[PDB]
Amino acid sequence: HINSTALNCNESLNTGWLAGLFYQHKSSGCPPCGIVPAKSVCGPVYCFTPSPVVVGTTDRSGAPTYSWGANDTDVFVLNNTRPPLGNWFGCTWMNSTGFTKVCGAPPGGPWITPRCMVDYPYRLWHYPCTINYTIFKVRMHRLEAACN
């Protein structure tokens, strides 16, 4: 499970960069899913059903692999249909250079409301502009949200 995380992080993404990632809050510069190759993925990949779910590395057939995404056949099967009868609304992850990627559609970034985002362990790293956000309970499915 844990070694299904893609560790394809660039050298430029060092601990100093990660320290100042959720440290930038004291701010003028703020705001179709398929097969994603694991070579361009740094960190866990999250999809939202609207509840957050981790999608680990697999081969192209969908069989899970456990080699830190180091293999060149490792991908993330993120194909999605709307989650009343499908799997998830969309997904979010950080790529090798440190940019947050999205795909699919938000559950209503992964925004429930125009001001509230689904809360998940990597929210503060993937979306630093939401560090001053407050956490509220949501029942849509019992999950937590982060709002202004």
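One-based numbering along the sequence shown.
Gap between residue 108 and residue 109: 4 to 9 deposited residues without coordinates. According to the entry, the deposited sequence has no residues without coordinates between residue 84 and residue 85, so the chain runs continuously there. For the segment pair 75 to 83 and 111 to 119, the entry gives 111 to 119 the higher mean B-factor, averaged over Cα atoms. Across 44, 52, 34, 37, the entry's maximum B-factor at the CA atom is seen for 34. In the deposited entry, the Cα temperature factor of residue 3 places it in the middle third of its chain's modelled residues.
Among the modelled residues of its chain, residue 135 has a C-alpha B-factor that falls in the middle third according to the deposited record. Annotation for residue 64: CA B-factor lies in the lowest third of the chain's modelled residues.
Ranked by C-alpha B-factor against the other modelled residues of its chain, residue 18 falls in the middle third. For residue 102, the recorded CA temperature factor ranks within the middle third of the chain's modelled residues.
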